[PDB]
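The block underneath contains the structure these notes are about, expressed in structure tokens.
Just so you know, all these numbers are worked out from the coordinates, no wet-lab data involved. Counting neighbours? That spans all protein chains shown, and the Cβs are built from the backbone with ideal geometry, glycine included.
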Amino acid sequence: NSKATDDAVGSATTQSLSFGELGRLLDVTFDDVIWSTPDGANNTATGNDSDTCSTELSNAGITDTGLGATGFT
Amino acid sequence: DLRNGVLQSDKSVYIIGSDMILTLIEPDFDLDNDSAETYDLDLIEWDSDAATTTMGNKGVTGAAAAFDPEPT
């Protein structure tokens, strides 16, 4: 959660360069947005109701919260 | 020698969200023949009723992601 290459195929080791991020090789997106699990420090938004998006998914029985959680290699 | 640049596109009218091919003819920039040279995208200006921006990392906030350049 402390690196720009999160929930993407690549390396945790990374650098910021002109062409983009050096540790990124492949990623998957829905509606042109990174498919990532709601984890870290910035996942406290509850939306319309008082339930955060992370527990909101869990109540629906979903374990495929993002690309990193499907075990994709 | 130095020459003046020619800037052009594949077609005049575009549907919103479609991909446009943008072409720049600057002979000033072929410094090495053996390699393909790369130049920053901030050189181009986008000015319209919506906003005025450089279409690169130096544009208005979220403009870079709004164009999704391929390549960068």
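So, in segment A:1-26, of the ones that are among the polar types (S, T, N, Q) and surrounded by 10 or more Cβ atoms within 10 Å (Cβ to Cβ), which residue ends up farthest from A:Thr65 (Cα to Cα)?
Per the stated criteria, the residue is A:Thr14.
Need the failing condition index for A:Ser58 against (1) surrounded by 11 or more Cβ atoms within 10 Å (Cβ to Cβ); (2) closer than 30 Å to B:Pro71 by Cα, just the number.
(2) is the only condition that A:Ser58 fails.
Taking into account only those residues within segment A:1-33 that are within 14 Å of chain B (Cβ to nearest Cβ) and hydrophobic (A, V, I, L, M, F, W, C), which is farthest from B:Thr38 (Cα to Cα)?
A:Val33
A:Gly68 fails exactly one of the following numbered conditions: (1) in a loop (DSSP other than H, G, I, E, B); (2) in contact with an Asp or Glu (Cβ under 7 Å, 6 or more places away or on another chain). What is the number of that condition?
(1)
How many residues does segment B:51-72 hold that are away from every other protein chain (no Cβ under 13 Å) and surrounded by 10 or more Cβ atoms within 10 Å (Cβ to Cβ)?
Qualifying residue count for the region: 8.
Test A:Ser36 against the criterion of being assigned to a loop (DSSP other than H, G, I, E, B) and either surrounded by 14 or more Cβ atoms within 10 Å (Cβ to Cβ) or not aliphatic (A, V, I, L, M) (or both), and give yes or no.
Here the answer is yes, as A:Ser36 does meet what is asked.
Out of B:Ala36, B:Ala50, B:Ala64, I need the residue that is part of a helix (DSSP H, G or I) and free of Cβ contacts under 8 Å to residues at least 24 places away in the same chain. Which one?
After ruling out the rest, the residue left standing is B:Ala64.
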